[PDB]
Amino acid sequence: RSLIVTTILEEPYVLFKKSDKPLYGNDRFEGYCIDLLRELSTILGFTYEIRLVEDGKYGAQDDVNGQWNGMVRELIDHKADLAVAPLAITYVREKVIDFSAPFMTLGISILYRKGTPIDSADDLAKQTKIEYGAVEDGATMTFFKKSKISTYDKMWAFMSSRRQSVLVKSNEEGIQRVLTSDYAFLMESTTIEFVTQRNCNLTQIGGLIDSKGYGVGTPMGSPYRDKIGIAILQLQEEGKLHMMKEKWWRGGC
């Protein structure tokens, strides 16, 4: 039986292939996560169908009913067998689904314009002129929402007080927001690493605010958690994941 694989458009992990003729099914997709999915498919010997998360979200829990959305929700309701995307491994998520060994390490950080006085999250926290934000219902926003670290708690007070105006629908909207206003975008380090390559005016501010990994998501108790985990450790050890990142992290500047 073919596995249902939920994912989400996000350069350069997952993106539509550009071509003159219409592409169909799995052929439509390409990127780091796609190559990874291919590798896993070969190593473990399964067939699959790629489906984009219906609500177009990563995954967050509503604090009124306690229900999840996005890919996480899709996994909880067994609507998909795997989630192969830049899906962050967090404690709130690991509580409701199972992750594989991480295939990539990263960390929350800041995207801003070059040559400013701003140098750390602390600098943004103790001022209100420069607005800052994050992707809504993402792991970053949740990090700030759950944080008890003074600075980050402050920053979350700001963000929540300004939800409609500072929380964006996607990394792309956040980036453009940085490019079109006095705005600092809290986002994941790897994606910043890719983004600054196509914008000479953009840069990462400070260091990593935390340390996490991307993992393949599976429903809780799934037998694919360990299989896929092993496969990922193998790929990492023989240097294939590194090669894949080399391949997909290039895009003038």
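The first residue of the shown sequence is 1; numbering continues from there.
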{"item": "Between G251 and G252 - deposited residues without coordinates, as a size class", "value": "1 to 3"}
{"item": "Mean Cα B-factor comparison, 212-220 or 54-62, giving the higher one as deposited", "value": "54-62"}
{"item": "Entry-level comparison of average CA B-factors, 159-167 and 88-96, reporting the higher stretch", "value": "159-167"}
{"item": "From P102, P117, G138, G107, residue of greatest CA B-factor", "value": "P117"}
{"item": "Most elevated Cα B-factor in the entry, residues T191, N201, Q204, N26", "value": "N201"}
{"item": "Among modelled residues of the same chain, the CA temperature factor third for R73", "value": "middle"}
{"item": "Chain thirds of CA B-factor: placement of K129", "value": "highest"}
{"item": "Chain thirds of CA B-factor: placement of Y183", "value": "highest"}
{"item": "Third of the chain's Cα B-factor distribution that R177 belongs to, per the entry", "value": "highest"}
{"item": "Ranked against its chain, the third holding the CA B-factor of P12", "value": "lowest"}
